[PDB]
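Peer 1: Have a look at this one.
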Amino acid sequence: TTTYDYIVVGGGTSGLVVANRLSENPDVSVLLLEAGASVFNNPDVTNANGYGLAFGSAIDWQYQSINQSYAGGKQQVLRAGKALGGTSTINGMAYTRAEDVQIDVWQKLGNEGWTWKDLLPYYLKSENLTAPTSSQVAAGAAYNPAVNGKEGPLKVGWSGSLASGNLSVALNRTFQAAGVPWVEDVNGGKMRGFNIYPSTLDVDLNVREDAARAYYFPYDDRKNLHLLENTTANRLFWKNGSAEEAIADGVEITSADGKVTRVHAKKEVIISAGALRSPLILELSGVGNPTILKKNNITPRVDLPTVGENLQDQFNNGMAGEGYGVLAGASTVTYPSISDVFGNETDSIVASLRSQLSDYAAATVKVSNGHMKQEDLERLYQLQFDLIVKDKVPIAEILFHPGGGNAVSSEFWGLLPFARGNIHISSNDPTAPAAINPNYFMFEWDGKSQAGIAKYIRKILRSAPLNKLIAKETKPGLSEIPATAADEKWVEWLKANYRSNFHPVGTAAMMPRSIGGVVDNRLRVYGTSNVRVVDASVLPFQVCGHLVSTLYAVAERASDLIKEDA
Ligand SMILES: Cc1cc2nc3c(=O)[nH]c(=O)nc-3n(C[C@H](O)[C@H](O)[C@H](O)COP(=O)(O)OP(=O)(O)OC[C@H]3O[C@@H](n4cnc5c(N)ncnc54)[C@H](O)[C@@H]3O)c2cc1C
Ligand SMILES: OC[C@H]1OC=C[C@@H](O)[C@@H]1O
Ligand SMILES: OC[C@H]1OC=C[C@@H](O)[C@@H]1O
Ligand SMILES: OC[C@H]1OC=C[C@@H](O)[C@@H]1O
C-alpha cells in the first residue's frame with residue numbers, strides 16, 4: 001500500500017513538471033510529497049498584482065542565513081514558497097530565460113547534452129504564450145514567435161490592462177541613447193536590451209500562473225498521480241544489498257498528525273525540494289561530506305562532500321525617483337552588458353577583475369574546507385569571466401516600475417557575482433533550521449559591479465529624455481549619497497539596504513564528479529543508482545534571467561531523460 005514507481009519530493013516549480021510528465025503513462029504510479037498545501041484559492045497567490053503580499057505568511061518558509069560577514073554582519077531572510085506550486089506561488093511572475101552561451105557553458109564544463117540548442121525545445125514545450133492585443137502592442141509588448149511555445153502547460157503573457165504611458169516610452173528612448181536598444185524578445189537566447197517583459201500570468205482569468213495551476217490542477221483526475229499535502233520528507237532510506245552503489249528504497253515522511261512513516265519507490269526518487277532543502281535531504285540520507293555527517297551522527301552512505309557547497313545567489317537593491325507629474329506605463333527590464341554599464345572605463349574594470357580571479361578561487365577553496373580545488377575553481381571562474389568579458393552577457397537586471405502617482409522605482413541586481421557559499425544541516429533533526437551562508441559581497445567585483453549599476457541608474461534618471469519627466473532622485477538621493485561620493489559610500493549604502501534576490505543555485509550542482517559535481521548529466525546523484533535532484537540546486541552557475549522559465553525547461557528535459565532510463 002506504500003509502494004509507488006516514482007516518488008517526487010517537493011511539489012514546487014520543478015517537482016510538479018516531473019510528476020506531471022512521469023504520470024503521462026497511466027501504468028506508472030507517481031507520489032508527490034509536498035510540505036505545504038493547495039493555494040488555488042489563496043488571494044495573496046491568485047492576485048495578478050499581489051507580489052509581496054504573501055511575504056512572511058504561512059506559505060513563506062522564511063529561511064534565514066547566518067551572519068553575512070562580508071556584507072556588514074546582518075542575517076538575511078531567504079524566501080521560498082511553502083505550497084503546492086512552491087516558490088512559483090509567491091514570486092514576482094517575471095518570465096525571462098538565459099543567454100544562449102551560458103547554457104552552452106554547461107556542456108563545455110562536461111555536462112553532455114546541455115546546450116541552448118538542446119534546451120530550447122523544452123522551454124517551448126513548457127510554455128503557452130498569449131499573443132499581445134493591439135493595446136498591449138501599443139504599450140511596447142512584443143515577442144519572437146520562433147522562441148515561444150503555444151501549447152505548453154505554463155501560461156505566459158501580459159496584464160490585460162497594460163497601457164502606453166510616458167515613463168516606458170521615455171525609458172526606451174533614454175536607454176537607446178545610452179547605447180542599449182529595445183529588443184523584441186529577451187527569451188531567444190540574446191538577452192541584452194530594453195524590453196516590456198512577459199509574466200507567468202493567465203491573461204484570460206487575470207490570475208498568477210503558478211506551477212500547480214499549470215502542471216497539476218488540470219491533470220488532477222489522473223488515478224496514477226497521488227499527492228500528499230502537509231507531508232514533509234525527512235530523508236531517503238536505502239536498500240540493504242551488496243553493491244557499493246546506493247539504491248534508494250524510499251522516503252521517510254512526517255504527516256500532519258505528526259506521525260512518521262515510510263513510502264517506497266520501485267524505480268526512482270526525484271528530489272525537487274528547492275536549492276535550500278534538496279541538499280539537506282541528501283545530507284540526512286547519508287549523502288554528503290563525511291565530516292559533517294559524522295559530526296551529526298549520520299553514517300555516510302555516499303562520500304560526496306560538495307553536497308550543499310557551491311551555493312550561489314544574487315543580491316537586490318532599489319532606487320527611486322519622483323516625477324514633475326504623474327508617471328505611467330509598463331514595467332520594463334534592461335539587461336546591460338559590462339560595457340553598457342561602465343562604458344569607456346570597461347578595460348580597467350576587466351583588467352582588475354582578470355587580476356583577481358585566482359585570489360577569488362583561493363578564498364572559495366576554504367569555504368568548502370578544501371573540497372573544491374584551486375585549479376578547478378580557477379577554471380570555473382574563468383568560464384564566468386569569459387561570459388562577462390568575451391561573450392558580453394548581461395551583468396545586471398534593471399527593472400523600472402511605475403509606483404503610482406509621481407513615483408518611479410527601480411530594482412536591480414548584479415547577475416554574475418563570484419561569491420560562493422554553502423548550506424548544511426545544523427543537526428540530525430529534520431526540523432532544525434539549516435546553516436545557510438550565501439557569502440554576499442564576499443568579492444570586490446560583487447560589490448563594485450553593484451555600485452556601478454546603481455551609479456548607472458542614477459545617470460539614467462538624469463539623462464534625456466527621461467530627465468524631462470523626473471524631478472529628483474529620492475532613493476538614495478543626493479543628500480544620502482552626494483554626487484561626489486566615493487565608491488565606498490555606494491558600497492556601504494548597498495550593504496545597508498540590500499536583500500537576497502532569492503535566486504539560489506548550485507547546492508547539488510550538475511558538473512562532472514571529478515570537478516566537485518553532485519549530479520551527473522542525467523541529474524542522477526553520484527554514488528546512487530536511482531536518486532535524482534531536479535530543481536535549482538543543479539544549476540552549476542547563475543543564469544541572467546528569472547529562474548522559473550529555466551527550471552521548467554530543465555525539469556521538462558529531465559523528465560524525458562528519466563523516461564528514457566526506464
Ligand atoms: C520573492 C521571490 C521572488 C521571485 N521572483 C521571480 C520572478 O519574478 N520570476 C522567476 O522566474 N523567478 C522568481 N523567483 C525565483 C523562482 O520563483 C524560484 O527560483 C523557483 O520557483 C524555485 O523553484 P524550485 O523547483 O527550485 O523550488 P520550489 O518552487 O521552492 O519548490 C520546492 C518545493 O518543495 C517543498 N519542500 C521543501 N522541503 C520539503 C520537504 N522536506 N518535504 C516535502 N516538500 C518540501 C516546498 O514547499 C516547495 O513546494 C523569485 C523567488 C522569490 C522567493
Ligand atoms: O519510458 C517508460 C516510462 O518511464 C517513466 C515514466 C513513464 O512516463 C514512461 O512511460
Ligand atoms: O573587482 C574588479 C572591479 O569590478 C568592478 C569595478 C571595479 O571597481 C573593480 O576593481
Ligand atoms: O520580479 C522582480 C523579482 O524577481 C526576482 C526576485 C526578486 O528579488 C525580484 O523582486
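Ordered as shown in the C-alpha cells, chains take letters A, B, and onward, while each chain numbers its residues from 1 and ligands are numbered from 1 in the order shown.
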Write out as an MDAnalysis selection string all residues of range 223-465 of chain A that backbone DSSP assigns to strand (DSSP E).
Peer 2: chainID A and resid 225:228 232:238 248:254 260:271 287:288 302:303 315:323 332:335 396:402 407:414 422:424 435:437
Peer 1: Could those selected residues go to a file with C-alpha atoms, as an mmCIF file, in the first residue's frame?
Peer 2:
```cif
data_model
loop_
_atom_site.group_PDB
_atom_site.id
_atom_site.type_symbol
_atom_site.label_atom_id
_atom_site.label_comp_id
_atom_site.auth_asym_id
_atom_site.auth_seq_id
_atom_site.Cartn_x
_atom_site.Cartn_y
_atom_site.Cartn_z
ATOM 1 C CA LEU A 225 -0.892 10.528 -9.754
ATOM 2 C CA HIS A 226 -1.016 10.693 -5.976
ATOM 3 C CA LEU A 227 -0.494 13.814 -3.861
ATOM 4 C CA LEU A 228 0.258 14.006 -0.144
ATOM 5 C CA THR A 232 7.394 16.534 4.895
ATOM 6 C CA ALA A 233 10.094 14.253 3.513
ATOM 7 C CA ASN A 234 12.817 13.789 6.140
ATOM 8 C CA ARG A 235 15.364 11.613 4.372
ATOM 9 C CA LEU A 236 15.729 8.744 1.966
ATOM 10 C CA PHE A 237 16.396 5.207 3.115
ATOM 11 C CA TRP A 238 18.350 2.632 1.171
ATOM 12 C CA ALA A 248 17.144 4.274 -2.704
ATOM 13 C CA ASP A 249 14.323 2.164 -1.336
ATOM 14 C CA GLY A 250 12.115 5.037 -0.312
ATOM 15 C CA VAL A 251 11.439 8.199 1.631
ATOM 16 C CA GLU A 252 10.777 8.722 5.310
ATOM 17 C CA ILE A 253 7.879 11.168 5.817
ATOM 18 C CA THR A 254 6.113 13.092 8.581
ATOM 19 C CA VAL A 260 6.450 9.351 10.883
ATOM 20 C CA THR A 261 6.152 6.600 8.249
ATOM 21 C CA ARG A 262 7.747 5.294 5.038
ATOM 22 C CA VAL A 263 6.744 5.306 1.380
ATOM 23 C CA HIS A 264 8.673 3.222 -1.189
ATOM 24 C CA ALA A 265 9.766 3.741 -4.792
ATOM 25 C CA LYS A 266 10.119 0.812 -7.193
ATOM 26 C CA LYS A 267 12.084 2.884 -9.719
ATOM 27 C CA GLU A 268 13.486 6.280 -8.643
ATOM 28 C CA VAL A 269 13.240 9.054 -6.049
ATOM 29 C CA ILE A 270 13.357 12.555 -7.540
ATOM 30 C CA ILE A 271 14.246 15.299 -5.044
ATOM 31 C CA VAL A 287 24.949 11.551 1.132
ATOM 32 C CA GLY A 288 27.378 14.383 1.711
ATOM 33 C CA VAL A 302 27.908 8.138 -0.104
ATOM 34 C CA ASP A 303 31.072 10.229 0.275
ATOM 35 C CA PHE A 315 21.521 40.358 -4.074
ATOM 36 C CA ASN A 316 18.916 43.018 -4.860
ATOM 37 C CA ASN A 317 18.967 46.795 -4.250
ATOM 38 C CA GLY A 318 16.476 49.535 -5.089
ATOM 39 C CA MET A 319 16.405 53.157 -6.188
ATOM 40 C CA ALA A 320 13.564 55.635 -6.711
ATOM 41 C CA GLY A 321 12.666 58.932 -8.277
ATOM 42 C CA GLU A 322 9.879 61.460 -8.256
ATOM 43 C CA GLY A 323 8.263 62.948 -11.351
ATOM 44 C CA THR A 332 10.403 47.474 -18.086
ATOM 45 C CA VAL A 333 13.548 45.347 -17.868
ATOM 46 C CA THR A 334 17.010 46.331 -19.083
ATOM 47 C CA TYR A 335 19.844 43.804 -19.414
ATOM 48 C CA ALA A 396 22.706 43.345 -14.471
ATOM 49 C CA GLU A 397 18.977 43.215 -14.450
ATOM 50 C CA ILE A 398 17.411 46.642 -14.012
ATOM 51 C CA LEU A 399 13.664 46.814 -13.500
ATOM 52 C CA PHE A 400 11.652 50.039 -13.630
ATOM 53 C CA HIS A 401 8.145 50.100 -12.176
ATOM 54 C CA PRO A 402 5.642 52.947 -12.095
ATOM 55 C CA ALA A 407 6.690 57.776 -8.024
ATOM 56 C CA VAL A 408 9.028 55.571 -10.054
ATOM 57 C CA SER A 409 11.035 52.722 -8.509
ATOM 58 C CA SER A 410 13.902 50.632 -9.815
ATOM 59 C CA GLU A 411 15.078 47.284 -8.517
ATOM 60 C CA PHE A 412 18.334 45.867 -9.743
ATOM 61 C CA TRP A 413 20.950 43.232 -9.175
ATOM 62 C CA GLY A 414 24.314 42.139 -10.456
ATOM 63 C CA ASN A 422 27.161 26.843 1.294
ATOM 64 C CA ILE A 423 24.241 25.308 3.137
ATOM 65 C CA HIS A 424 24.489 22.464 5.640
ATOM 66 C CA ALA A 435 23.123 26.910 8.408
ATOM 67 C CA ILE A 436 22.752 28.882 5.137
ATOM 68 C CA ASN A 437 25.643 31.088 4.076
#
```
Peer 1: For residue 224 in chain A, list every protein, DNA or RNA residue within 10 Å, evaluated using only C-alpha atoms, and leave out those in the same chain fewer than 5 positions away; present the list as a ChimeraX atom specification.
Peer 2: /A:4-5,22-31
Peer 1: Please find the residues contacting ligand 4 at a distance of at most 8 Å between atoms, with only C-alpha atoms and all ligand atoms counted, and report them as number ranges by chain.
Peer 2: A: 91-94, 315-316, 399, 411, 499-503, 546-547
Peer 1: Just the selected residues (N, CA, C and O atoms), exported as a PDB file, in the first residue's frame, please.
Peer 2:
```
ATOM      1  N   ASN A  91       6.318  34.359  -6.113  1.00  0.00           N
ATOM      2  CA  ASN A  91       7.394  35.091  -6.802  1.00  0.00           C
ATOM      3  C   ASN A  91       6.873  36.327  -7.557  1.00  0.00           C
ATOM      4  O   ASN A  91       5.684  36.645  -7.487  1.00  0.00           O
ATOM      5  N   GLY A  92       7.761  37.003  -8.274  1.00  0.00           N
ATOM      6  CA  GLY A  92       7.420  38.247  -8.976  1.00  0.00           C
ATOM      7  C   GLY A  92       6.766  38.049 -10.334  1.00  0.00           C
ATOM      8  O   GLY A  92       6.408  39.039 -10.988  1.00  0.00           O
ATOM      9  N   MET A  93       6.650  36.780 -10.770  1.00  0.00           N
ATOM     10  CA  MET A  93       5.953  36.363 -12.006  1.00  0.00           C
ATOM     11  C   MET A  93       6.665  36.730 -13.330  1.00  0.00           C
ATOM     12  O   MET A  93       6.113  36.506 -14.416  1.00  0.00           O
ATOM     13  N   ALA A  94       7.880  37.259 -13.250  1.00  0.00           N
ATOM     14  CA  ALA A  94       8.576  37.701 -14.462  1.00  0.00           C
ATOM     15  C   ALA A  94       9.036  36.454 -15.223  1.00  0.00           C
ATOM     16  O   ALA A  94       9.525  35.494 -14.606  1.00  0.00           O
ATOM     17  N   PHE A 315      22.151  39.462  -5.050  1.00  0.00           N
ATOM     18  CA  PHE A 315      21.521  40.358  -4.074  1.00  0.00           C
ATOM     19  C   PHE A 315      20.934  41.583  -4.778  1.00  0.00           C
ATOM     20  O   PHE A 315      21.487  42.059  -5.774  1.00  0.00           O
ATOM     21  N   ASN A 316      19.837  42.083  -4.213  1.00  0.00           N
ATOM     22  CA  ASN A 316      18.916  43.018  -4.860  1.00  0.00           C
ATOM     23  C   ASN A 316      18.958  44.347  -4.096  1.00  0.00           C
ATOM     24  O   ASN A 316      18.966  44.357  -2.873  1.00  0.00           O
ATOM     25  N   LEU A 399      15.094  46.639 -13.311  1.00  0.00           N
ATOM     26  CA  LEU A 399      13.664  46.814 -13.500  1.00  0.00           C
ATOM     27  C   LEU A 399      13.261  48.248 -13.162  1.00  0.00           C
ATOM     28  O   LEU A 399      13.755  48.822 -12.175  1.00  0.00           O
ATOM     29  N   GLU A 411      14.373  48.322  -9.261  1.00  0.00           N
ATOM     30  CA  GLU A 411      15.078  47.284  -8.517  1.00  0.00           C
ATOM     31  C   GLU A 411      16.081  46.662  -9.453  1.00  0.00           C
ATOM     32  O   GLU A 411      15.840  46.568 -10.651  1.00  0.00           O
ATOM     33  N   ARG A 499      18.850  43.104  -0.121  1.00  0.00           N
ATOM     34  CA  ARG A 499      18.285  41.864   0.372  1.00  0.00           C
ATOM     35  C   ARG A 499      18.740  40.772  -0.558  1.00  0.00           C
ATOM     36  O   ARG A 499      19.301  41.063  -1.614  1.00  0.00           O
ATOM     37  N   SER A 500      18.510  39.518  -0.174  1.00  0.00           N
ATOM     38  CA  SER A 500      18.684  38.414  -1.108  1.00  0.00           C
ATOM     39  C   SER A 500      17.804  38.630  -2.352  1.00  0.00           C
ATOM     40  O   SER A 500      16.649  39.081  -2.237  1.00  0.00           O
ATOM     41  N   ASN A 501      18.319  38.291  -3.530  1.00  0.00           N
ATOM     42  CA  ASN A 501      17.482  38.255  -4.730  1.00  0.00           C
ATOM     43  C   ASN A 501      16.667  36.938  -4.883  1.00  0.00           C
ATOM     44  O   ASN A 501      15.916  36.761  -5.850  1.00  0.00           O
ATOM     45  N   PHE A 502      16.811  36.044  -3.910  1.00  0.00           N
ATOM     46  CA  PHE A 502      16.059  34.791  -3.855  1.00  0.00           C
ATOM     47  C   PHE A 502      16.275  33.960  -5.124  1.00  0.00           C
ATOM     48  O   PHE A 502      15.331  33.362  -5.647  1.00  0.00           O
ATOM     49  N   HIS A 503      17.536  33.899  -5.564  1.00  0.00           N
ATOM     50  CA  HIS A 503      17.975  33.256  -6.792  1.00  0.00           C
ATOM     51  C   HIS A 503      19.014  32.144  -6.490  1.00  0.00           C
ATOM     52  O   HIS A 503      19.956  31.982  -7.271  1.00  0.00           O
ATOM     53  N   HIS A 546      15.220  35.287 -14.975  1.00  0.00           N
ATOM     54  CA  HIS A 546      14.435  34.885 -13.814  1.00  0.00           C
ATOM     55  C   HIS A 546      14.291  33.370 -13.825  1.00  0.00           C
ATOM     56  O   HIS A 546      14.082  32.760 -14.869  1.00  0.00           O
ATOM     57  N   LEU A 547      14.430  32.761 -12.666  1.00  0.00           N
ATOM     58  CA  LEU A 547      14.639  31.301 -12.631  1.00  0.00           C
ATOM     59  C   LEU A 547      13.540  30.379 -13.154  1.00  0.00           C
ATOM     60  O   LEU A 547      13.866  29.321 -13.693  1.00  0.00           O
TER      61      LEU A 547
END
```
Peer 1: Would you list the residues that come within 9 Å of ligand 3? Count only C-alpha atoms and all ligand atoms and give the answer as number ranges by chain.
Peer 2: A: 342, 346, 348-356, 443-452, 487
Peer 1: Using only C-alpha atoms, which residues sit within 9 Å of residue 35 in chain A once same-chain residues fewer than 2 positions away are excluded, as a short mmCIF file (atom, residue, chain, number, x, y, z; two decimals) with N, CA and C atoms, in the first residue's frame?
Peer 2:
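Contents of part.cif, as written:
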```cif
data_model
loop_
_atom_site.label_atom_id
_atom_site.label_comp_id
_atom_site.auth_asym_id
_atom_site.auth_seq_id
_atom_site.Cartn_x
_atom_site.Cartn_y
_atom_site.Cartn_z
N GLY A 10 8.71 17.21 -3.08
CA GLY A 10 8.54 18.65 -3.26
C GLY A 10 7.65 18.95 -4.45
N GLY A 11 6.43 19.42 -4.18
CA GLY A 11 5.50 19.73 -5.26
C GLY A 11 5.61 21.20 -5.64
N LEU A 33 5.10 14.35 -2.80
CA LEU A 33 5.14 14.79 -1.40
C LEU A 33 5.29 16.30 -1.36
N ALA A 37 0.41 23.07 1.16
CA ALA A 37 -0.88 22.62 0.64
C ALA A 37 -1.32 23.50 -0.53
N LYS A 82 6.04 27.72 0.51
CA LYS A 82 5.60 26.50 1.19
C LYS A 82 4.16 26.32 0.77
N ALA A 83 3.96 25.58 -0.32
CA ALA A 83 2.69 25.49 -1.02
C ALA A 83 2.82 24.51 -2.17
N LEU A 84 1.69 23.94 -2.56
CA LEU A 84 1.61 23.22 -3.81
C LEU A 84 1.84 24.25 -4.93
N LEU A 228 0.37 13.87 -1.59
CA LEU A 228 0.26 14.01 -0.14
C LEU A 228 0.67 15.42 0.25
N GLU A 229 -0.31 16.24 0.61
CA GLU A 229 -0.03 17.60 1.07
C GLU A 229 0.26 17.58 2.57
N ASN A 230 0.80 18.68 3.08
CA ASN A 230 1.12 18.79 4.51
C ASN A 230 1.96 17.59 4.95
N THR A 231 2.88 17.19 4.08
CA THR A 231 3.70 16.00 4.29
C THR A 231 5.15 16.34 3.99
N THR A 232 5.99 16.16 4.99
CA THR A 232 7.39 16.53 4.90
C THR A 232 8.26 15.29 4.72
N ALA A 233 9.15 15.34 3.73
CA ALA A 233 10.09 14.25 3.51
C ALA A 233 11.29 14.55 4.40
N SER A 255 3.68 13.15 8.55
CA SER A 255 2.35 13.65 8.18
C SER A 255 1.88 14.79 9.08
#
```
Peer 1: Please compute the atom 36 (N, counted along the ligand's line) of ligand 1-CA of residue 525 in chain A distance, one decimal, in Å.
Peer 2: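 Between atom 36 (N, counted along the ligand's line) of ligand 1 and CA of residue 525 in chain A the gap is 18.3 Å.
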Peer 1: Which is closer to ligand 1 than all the others in A:208, A:117, A:125, A:150, using only C-alpha atoms and all ligand atoms?
Peer 2: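 For ligand 1, the nearest of the candidates is A:208.
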Peer 1: So that I can check the surroundings of residue 464 in chain A, please list as a ChimeraX atom specification every protein, DNA and RNA residue that reaches within 9 Å of it, counting only C-alpha atoms and ignoring chain neighbours fewer than 2 positions away.
Peer 2: /A:170,173-174,177,460-462,466-468
Peer 1: Per DSSP on the backbone, filter range 224-362 of chain A down to the residues in alpha helix (DSSP H) and report them as a ChimeraX atom specification.
Peer 2: /A:278-284,290-295,338-342,346-362
Peer 1: Tell me, as number ranges by chain, which residues lie within 10 Å of range 239-245 of chain A, counting only C-alpha atoms; anything in the same chain fewer than 5 positions away does not count.
Peer 2: A: 250, 301-302, 526-530
Peer 1: Taking only C-alpha atoms and all ligand atoms into account, name the residue in A:7, A:483, A:311, A:131 that is nearest to ligand 2.
Peer 2: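 Answer, going by the shortest atom-to-atom distance: A:7.
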Peer 1: If you count only C-alpha atoms, which residues fall within 10 Å of residue 136 in chain A, apart from same-chain ones fewer than 3 positions away, as a list in words?
Peer 2: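 Residues near the query, excluding close chain neighbours: residues 131, 132, 133, 139, 140, 141, 142, 158, 159, 160, 161, 162, 163, 164, 196 and 330 of chain A.
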Peer 1: Selection from above, N, CA and C atoms, as a compact mmCIF listing (two decimals), in the first residue's frame, can you write it?
Peer 2:
```txt
# COMPACT_ATOMS: atom_id res chain seq x y z
N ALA A 131 -0.56 35.85 -27.23
CA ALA A 131 -0.05 36.96 -28.02
C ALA A 131 -0.62 38.29 -27.53
N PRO A 132 0.16 39.38 -27.64
CA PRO A 132 -0.43 40.62 -27.15
C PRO A 132 -1.55 41.15 -28.06
N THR A 133 -2.49 41.85 -27.44
CA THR A 133 -3.57 42.53 -28.16
C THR A 133 -3.02 43.85 -28.69
N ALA A 139 1.63 49.53 -26.05
CA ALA A 139 2.37 49.75 -24.79
C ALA A 139 3.83 49.25 -24.87
N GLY A 140 4.15 48.52 -25.93
CA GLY A 140 5.51 48.02 -26.13
C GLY A 140 5.64 46.51 -26.06
N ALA A 141 4.56 45.78 -25.79
CA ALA A 141 4.67 44.30 -25.71
C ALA A 141 5.01 43.65 -27.06
N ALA A 142 5.92 42.67 -27.04
CA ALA A 142 6.42 42.04 -28.26
C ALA A 142 6.96 40.65 -27.95
N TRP A 158 0.90 39.16 -20.93
CA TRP A 158 0.94 40.50 -20.36
C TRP A 158 -0.41 40.81 -19.74
N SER A 159 -0.39 41.57 -18.64
CA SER A 159 -1.60 42.09 -18.00
C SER A 159 -2.56 42.70 -19.02
N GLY A 160 -3.82 42.27 -18.98
CA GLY A 160 -4.85 42.81 -19.87
C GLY A 160 -4.92 44.33 -19.86
N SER A 161 -4.57 44.93 -18.72
CA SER A 161 -4.60 46.39 -18.55
C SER A 161 -3.26 47.11 -18.80
N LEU A 162 -2.29 46.42 -19.42
CA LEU A 162 -1.06 47.06 -19.88
C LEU A 162 -1.43 48.23 -20.79
N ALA A 163 -0.92 49.41 -20.49
CA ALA A 163 -1.18 50.58 -21.34
C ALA A 163 0.08 51.41 -21.58
N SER A 164 0.11 52.07 -22.73
CA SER A 164 1.14 53.01 -23.06
C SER A 164 1.18 54.11 -21.99
N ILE A 196 9.73 45.13 -22.67
CA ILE A 196 8.49 45.10 -21.88
C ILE A 196 8.20 43.62 -21.63
N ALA A 330 4.20 50.69 -18.78
CA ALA A 330 4.52 49.29 -18.49
C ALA A 330 5.72 49.22 -17.54
```
Peer 1: What does the structure give for the distance between CA of residue 558 in chain A and CA of residue 18 in chain A, in Å to one decimal?
Peer 2: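 We find that CA of residue 558 in chain A and CA of residue 18 in chain A lie 7.6 Å from each other.
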Peer 1: List as a compact mmCIF listing (two decimals) with N, CA and C atoms, in the first residue's frame the protein and nucleic acid residues near residue 358 in chain A, meaning an atom at most 12 Å away when only C-alpha atoms are counted, but skip any in the same chain fewer than 4 places from it.
Peer 2:
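Resulting contents of around20.txt:
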```
# COMPACT_ATOMS: atom_id res chain seq x y z
N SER A 352 41.27 44.68 -13.79
CA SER A 352 41.24 44.46 -12.34
C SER A 352 40.57 43.13 -12.03
N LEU A 353 39.44 42.87 -12.68
CA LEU A 353 38.74 41.59 -12.46
C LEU A 353 39.64 40.41 -12.84
N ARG A 354 40.24 40.45 -14.03
CA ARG A 354 41.15 39.40 -14.52
C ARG A 354 42.24 39.11 -13.49
N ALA A 362 41.02 31.03 -4.51
CA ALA A 362 41.72 30.62 -3.27
C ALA A 362 40.88 30.85 -2.03
N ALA A 363 40.18 31.99 -1.98
CA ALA A 363 39.20 32.23 -0.93
C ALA A 363 38.08 31.19 -0.92
N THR A 364 37.54 30.88 -2.10
CA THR A 364 36.45 29.93 -2.20
C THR A 364 36.85 28.49 -1.80
N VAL A 365 38.09 28.10 -2.11
CA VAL A 365 38.62 26.81 -1.64
C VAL A 365 38.31 26.59 -0.15
N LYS A 373 38.75 22.34 -5.46
CA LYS A 373 40.19 22.60 -5.61
C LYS A 373 40.49 23.94 -6.27
N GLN A 374 41.65 24.51 -5.93
CA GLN A 374 42.13 25.77 -6.51
C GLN A 374 42.04 25.76 -8.03
N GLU A 375 42.58 24.71 -8.63
CA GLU A 375 42.64 24.62 -10.08
C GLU A 375 41.25 24.61 -10.67
N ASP A 376 40.34 23.89 -10.02
CA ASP A 376 39.00 23.70 -10.55
C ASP A 376 38.24 25.01 -10.46
N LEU A 377 38.36 25.70 -9.33
CA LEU A 377 37.68 26.98 -9.14
C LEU A 377 38.23 28.05 -10.07
N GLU A 378 39.54 28.03 -10.32
CA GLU A 378 40.09 28.96 -11.29
C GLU A 378 39.45 28.77 -12.66
N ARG A 379 39.28 27.52 -13.08
CA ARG A 379 38.65 27.24 -14.38
C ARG A 379 37.18 27.62 -14.43
N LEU A 380 36.47 27.35 -13.35
CA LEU A 380 35.06 27.74 -13.28
C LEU A 380 34.91 29.26 -13.30
N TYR A 381 35.75 29.95 -12.53
CA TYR A 381 35.70 31.42 -12.51
C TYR A 381 36.13 32.03 -13.85
N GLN A 382 37.03 31.34 -14.54
CA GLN A 382 37.46 31.79 -15.87
C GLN A 382 36.32 31.68 -16.88
N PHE A 385 34.13 34.66 -16.10
CA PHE A 385 34.82 35.84 -16.62
C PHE A 385 34.65 35.94 -18.14
N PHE A 418 30.76 36.62 -8.03
CA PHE A 418 31.61 35.43 -7.90
C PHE A 418 31.48 34.71 -6.56
N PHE A 443 33.37 39.18 -2.59
CA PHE A 443 34.40 39.62 -3.53
C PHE A 443 34.21 41.06 -3.99
```
Peer 1: Point out the residue among A:12, A:113, A:403, A:336 with the least atom-to-atom distance to residue 39 in chain A, counting only C-alpha atoms.
Peer 2: A:12
